[PDB]
J.: 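Have a look at the structure that comes next, please.
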Amino acid sequence: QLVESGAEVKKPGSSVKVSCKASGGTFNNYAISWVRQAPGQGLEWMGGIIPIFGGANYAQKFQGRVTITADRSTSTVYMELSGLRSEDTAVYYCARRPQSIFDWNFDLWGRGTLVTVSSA
Amino acid sequence: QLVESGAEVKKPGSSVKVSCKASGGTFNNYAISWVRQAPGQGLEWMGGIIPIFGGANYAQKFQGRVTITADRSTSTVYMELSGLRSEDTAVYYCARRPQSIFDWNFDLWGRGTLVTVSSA
Amino acid sequence: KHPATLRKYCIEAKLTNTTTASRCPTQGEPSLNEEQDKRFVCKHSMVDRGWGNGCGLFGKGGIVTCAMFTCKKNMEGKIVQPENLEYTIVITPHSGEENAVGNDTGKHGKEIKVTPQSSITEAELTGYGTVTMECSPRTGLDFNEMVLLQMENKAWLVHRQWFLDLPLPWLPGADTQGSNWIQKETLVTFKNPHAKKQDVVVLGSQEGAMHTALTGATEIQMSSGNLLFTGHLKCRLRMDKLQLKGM
Amino acid sequence: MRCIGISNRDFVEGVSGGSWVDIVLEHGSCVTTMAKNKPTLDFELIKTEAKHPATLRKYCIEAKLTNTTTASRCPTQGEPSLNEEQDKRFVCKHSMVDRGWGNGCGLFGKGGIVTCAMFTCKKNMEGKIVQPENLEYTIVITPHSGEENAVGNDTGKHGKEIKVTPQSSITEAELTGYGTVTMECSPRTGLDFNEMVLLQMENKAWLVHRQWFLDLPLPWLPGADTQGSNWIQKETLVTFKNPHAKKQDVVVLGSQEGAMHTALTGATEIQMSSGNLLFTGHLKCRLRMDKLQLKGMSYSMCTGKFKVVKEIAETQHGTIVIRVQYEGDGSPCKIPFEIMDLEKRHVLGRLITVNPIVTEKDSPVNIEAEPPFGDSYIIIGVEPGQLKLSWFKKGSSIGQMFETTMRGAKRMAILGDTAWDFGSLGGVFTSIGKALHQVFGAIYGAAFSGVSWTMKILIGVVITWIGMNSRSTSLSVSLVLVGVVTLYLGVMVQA
Amino acid sequence: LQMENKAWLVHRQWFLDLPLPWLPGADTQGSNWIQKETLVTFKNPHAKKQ
Amino acid sequence: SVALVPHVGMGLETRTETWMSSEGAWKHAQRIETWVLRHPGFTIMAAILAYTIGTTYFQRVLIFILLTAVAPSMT
Amino acid sequence: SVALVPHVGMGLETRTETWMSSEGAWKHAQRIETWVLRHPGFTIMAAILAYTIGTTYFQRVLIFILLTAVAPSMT
Amino acid sequence: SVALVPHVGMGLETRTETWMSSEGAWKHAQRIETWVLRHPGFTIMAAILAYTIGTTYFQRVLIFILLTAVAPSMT
Ligand SMILES: *[C@@H]1O[C@H](CO)[C@@H](O)[C@H](O)[C@H]1NC(C)=O
Ligand SMILES: *[C@@H]1O[C@H](CO)[C@@H](O)[C@H](O)[C@H]1NC(C)=O
C-alpha cells in the first residue's frame, strides 16, 4: 500500500526520482510525506503531498531543490531530488498521514528506497 | 474467379446447401446461375440470381424445391436443395453471366460440387 | 440496493449477413427468408428495373434489404425500490477534541444508517447522551420515477420517462437471449441514392451522443453497489436525551 | 439505348443553327438527345474523380485521457500553476475547492485548483480538400442504334467513354458509324469544389460545406501535423467535474462517430476508399452534333419478314421498346417501321431509335418509339409479311404537359439557374431568364441558407399570408408568388 | 383470385386492401404472414390472464 | 455537440439521396410531437401567452407555434 | 439523435452539479450566435417578417427572437 | 371482416352474371328493414333529430334516411 521504488545508484550532479505507489483510498483520503535518513544519522522530513489536491510542501532545507508530485491516473507519488551530492546518500521513506494540518500521524511507512551517491 | 463449396454426401429427404463465392466485381455486375448434371446426362439449369438485386429465378422442374440466395456481406451465392433423393445425385455448377434477360453466356464456371446420396 | 433492469439500450451495433431481394415491376413485394427473423433490420424500397437488369417489365421494382443487427455496447438502465434505499449520516458534536474533527470513520463522529425499515435511528454520542433521528427516506428522491442508467463504467440518475423515451434500439430488460432489439431502425441507415441499388450501414456509435443527451443529469456511482452522492434527506432531530459533555 | 430503364431519363430534341445543344448531365440521370437529321444518342455522367486531395483538418471523434495531475493553492494565495498548463497535449481546467484545517491549509475559504490530463486521439475524421482543376468527369456516349449490346446496359462494349477535365474541357468521341460528337463542357461552374470538403470518417465519406466543416465543435489538427499532440478544441471532448467543491475530475466524452453521423444528414455520401469518387452532381456540356451522321442512310428498305422476338414493353417515359428479328435477304437494310392508326391513314407516333437498320440477319434489333396517347398500331415490315402490332398508351396529353412542367420545376429546384442551360440552344429568352434566375437565386440563397425544410415551409406560409392580406395588388401578387415558390422548394428539398 | 376450386376476376386495389394475413407472392416459404392479427383474437376478459 | 449542427441548409443538394435524408426529414417533427405529448403543461401556457401577446389570430397562432417549436429546441 | 433530447427540465436537480452543466449552460446560445453570424441573410428576412407581422414592438421583437432561435433548432 | 368490403363498385361488371348479384341486390335493404323493426326507438329519435335539424322537408327526409341507413351499418 506504500510500495517504493527499488534502490538506485546515482552520481553527483544528477537527480534521482523515487516513487510511492498508493492505494485508491490512501491517495484520496490521506496525505503522503517523504522522510530521508542518511546512514548513521537521524530522521529528516523533506516534504509532503495531499494527492487529491496536489499542492506539495517542503522542508526549509530542501526547498528549491526537491519536487514532490502525484499522478491521479496512477495513484502514485513521486519524489524528485536534484543536485545529488555525497550527503544525499540515504534511505527515503514515503509515510502516510491524515490530511489535517495538525495530524502528523505516520501510521503507514514505505519500505525505504536506499539512494547511493557515488561514482562507483 | 468462382470458387464452389466442397462435395457433400447427403441422404434421401434431406437438404444440401451449396455455396459459390465470387469476387466483388462479378458479384455486383453479373448474375449467377445454378446448373446440375446427373452423371451420364446433360446439363440442367435450375435457376439463377442477380446478387445485387436478389429475387432468384427457378426452373419449373425445381420450383418449390430449390432456394438460391446471395450473401452480399460475404459476396457469396448460396443454393439449397430440399427433399433430396437418388435422382437428385449430380454435380452442381455455379456459372457467371451478364445480368441481362437476353444474354445467357456463362463465360466463367465454378469447378462444380457433387452431391451423392450413397457412401464414399 | 437490489436493482432491477428496466431496459437495455444499444449504443453501438454491427451489421452482418446483408441480403437483398427484388420483385419485377407490378409483381408486388419481394421476400427474403430473413424477414422472418427479428435479428434482421429490413427495409423495402423501389428500384428502377428493365431489360438491362433482368425484368421483362420497365417500371419501379420492389427491393428489400435485410441485415443481421447485433449489439456491441449497451446502456443498461436499472430501477430500485424505495425500500432498498440506505442512507448514511455522520453526527459530529462540536467539541474541541479534534480526533474526529476531520475524520470520516467513527471516533467522535458517529455514523448512522437510515433505511425505510426503521423510522427511528439512535446514535449514542459518548459524553453527550443519545441523539434520536426520525428521517423520511421515502419522501426524498422519488426512486419510483428514476432510473440508474449505467453506460460503460459511468452512471446517471435520470428521469424514468425521459429514459423510456430514448430513441435507440432496446431490449425489455426481462430479455435473456439479448437479440430481439426493438428500435433497430434508429441505429441503422438504408441508402438508395439513385434508385438503382439499396444498401445498409450500421450508423456509428452513440456513446458520445448519449453523453450529450445526459446533460442535466447527475452522475452517480454504479460500478460497485449503486452509490448516490446527490439529493437530500429530511430528518427530525430529537435532542431530548442530549446533554453537554463538560457540564 | 442506355437511358432505357432509368427513371430520370430526359429527352432533348433539336439543336441550334450551329448544330449544338446545351445539356446538363447529372449522375443519376440519363439524357437522350434528338435532332432532325442526327442519330439519337444517350449521355450518362458515370463518374467524377477528385484527384490529389490535400487534408486541411483532422477532427478527433474519440479520445482518451491519461497522466491526470492536480495542483491547488490554499485560499487567498491566487490560482495554482501546473507545468502541463503550457503543454499543448494536455487539457486543463481551473476551479475552486473548499479548504480548511482538515484539508491541510490553515485558512478557510475557496482555494483555487487546476487539474490537467493528457489528451490523446484514438479515431479522427480527415477532411481532405481537392483543387478544382483536379476533378475528372467520365461521360459515356452510347448511340441509340438498336444493336442488342446497348439496351439499357451499364457496360462499355458499344458506349464510348470520354474523360472531361477543367484543363481539357473540349473533347470529341468517335462513335463508330455515326461520325464524332464534340463535348464542350464547363466543369469549373459545376460544383465549386473550392468551398467544399471531402470528409472521410472510418470507411464512409461525405461531401460537405467547408464552412460547416471548419465550424465543427470537435477538436482538430491543421492537417500538416504528423504527430497529433497539438489538438485545438480539446475542451469539446472532455468534461471537468467538481461536484460540490471537494474534488475536480476530468473525463473524456465517448466516441463521437454517431453524433457525427447525425450531423452529416443532408450531406451527400461519397466514396473515398480507392480514390475520391463522387457519384453526385452535374456537368453542363455543350453538345456539337455537326460531324454526326446517321449510320446506313444509304440503305434500301428491307423488303422481308420481321419477327417480334420480345413483346413490346412500355417504359416509364411514355415510349415503347420492341425487339424484332429479321429473316429476309438484304442483310444491311433500313427497317420499315411506322406507328399509324388502324386504317394506316395517319402517322401518329415517332420512333426514337432513329433509322433502325438490320446489320445482320439473325441479330435482333430492338427499336424504341414514342406512340401516341390512346390507340396506335406499330407496323413493321412491308406488305408481303408485314406485322401490325396494337398498342395502347394510358396517359393523356394534358397529364403529359403537367408532368413536363413538374419536371421543369424540379430541375429548377435542383440546378437553380443551371436549369436554364438544359436543352438550351441560345435564344434571348433563355439568356434573360437565366440572368433573372441568377439574381433571384442569389437573393434567395442569401435569405434561406442554413434553414431546414420545415422552416422553409413555415416561411412560405407566412409570406403567402402576408401577400394575401395585402392591400396593394402588385406587392400582394409578388409576395404570394414568392411564398408559393418557397413552399414548393421546401416540399422538394431534402433539408 | 382463386380460393378453393373457384376463381374470380377482381379489382387489383380491392384485392390489395383485403384485411387478411398475406404473403408477398414471391415468398416460397409460406410462413411469414404479414397481418396475422386480422385472423386471431387475444382475450383478456378480466385483466387476469391473456 | 456536432449532432446539433447537421449540415442541412448548406445548398449543396443534388438529385441524389442525402445521408439519412428520409429519417432527418421528420425526426424534428417527431421530437416536437413527443415533447408536446410529454409536457402538456407548457403547451397550455404557450397558448395562453400567444393569445395574450397576439391581437390577430394569425400572429397568435404564429407565436404559439414558434414558442412550442423552440421550447424543446432550446433544451 | 439522442443528443437532441437532453435531460434538461426534468425536475431532478439537486445542489450537486450535473453532468455537463458548465459546458451545456451556454452551448445553445453560442450555437444560435454562430448560426446568426453565418447566415445574416435569414436574420434580416426574419427581422423584416417580424416587423411586418407584429403591430407592437413587443410582438415584433418576440417574433424575431423566436424565429432566430427556431431556425437553427429545426435545422 | 372481408365481408364488410364487398367487390361492388369496382366498375368491372360485364353482361355476365356476377357472383351473388341477385342474392346480394336486396340484402342491404332487408337488413336495414329488419334492424328498423327490431329497434323502433332509434328510428323515432332519428325522425325527431331530422325534423329538428332539417329546415325543409327535403333536408329532414334526407337526414332521416341517412341516419336510419347508417345506424345499422356502423354496427
Ligand atoms: C450469417 O452468415 C454466416 C457466415 O458469415 C453464417 O455462418 C451464419 O449461419 C449466418 N446467419 C444467419 C442468421 O444468416
Ligand atoms: C505519463 O505517465 C507515464 C506513466 O503512466 C509516464 O511514463 C510518462 O512519462 C508521462 N508523460 C507525461 C507526464 O507527459
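Values below: every heavy atom of this structure, side chains too, minus hydrogens, waters and symmetry copies. Below, chain A is the first sequence line, B the second, and so on; all start at residue 1. We count ligands from 1, going down the list as the structure has it; atoms in each ligand are counted the same way.
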J.: Would you check if the side chain of C:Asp175 reaches a backbone N or O of C:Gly178 as a donor-acceptor pair within less than 3.5 Å?
T.: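 Checking the backbone N and O of C:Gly178 against the side chain of C:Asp175, a donor-acceptor pair under 3.5 Å is found.
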J.: Would you tabulate the polar-atom pairs, meaning N/O of ligand 2 against N/O of the protein, with distances under 3.5 Å, reported to 0.1 Å?
T.:
| from | atom 1 | to | atom 2 | distance (Å) |
| --- | --- | --- | --- | --- |
| ligand 2 | 2 (O) | D:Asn67 | OD1 | 3.3 |
| ligand 2 | 2 (O) | D:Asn67 | ND2 | 2.3 |
| ligand 2 | 11 (N) | D:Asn67 | ND2 | 2.9 |
| ligand 2 | 14 (O) | D:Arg89 | NH2 | 3.3 |

J.: Taking salt bridge (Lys or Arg N to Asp or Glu O under 4.0 Å) as the test, write out the residues that go with C:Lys8, two or more places apart.
T.: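 Counting only residues at least two positions away or on another chain, C:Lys8 forms no salt bridge (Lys or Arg N to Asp or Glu O under 4.0 Å).
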J.: Establish, from distance only, whether the side-chain atoms of D:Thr68 and A:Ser73 form a donor-acceptor pair under 3.5 Å.
T.: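 The answer is yes; a qualifying pair exists.
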J.: Enumerate the residue pairs fulfilling salt bridge (charged side-chain N to carboxylate O under 4.0 Å, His left out) with a member in residues 77-90 of chain D, sequence neighbours excluded, ordered by first and then second residue.
T.: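 For residues 77-90 of chain D, and leaving out neighbouring residues, the salt bridge (charged side-chain N to carboxylate O under 4.0 Å, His left out) pairs sorted by first residue read D:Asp87-D:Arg89.
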J.: With sequence neighbours left out, write down each residue that passes ring pair (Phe, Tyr, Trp, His ring centres under 6.0 Å) with A:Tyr92, or none if nothing qualifies.
T.: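 A:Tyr92 satisfies ring pair (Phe, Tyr, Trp, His ring centres under 6.0 Å) with no residue once adjacent residues are dropped.
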J.: Is there a donor-acceptor contact under 3.5 Å linking the side chains of B:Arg96 and B:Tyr30?
T.: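 Yes, a side-chain donor-acceptor pair sits under 3.5 Å.
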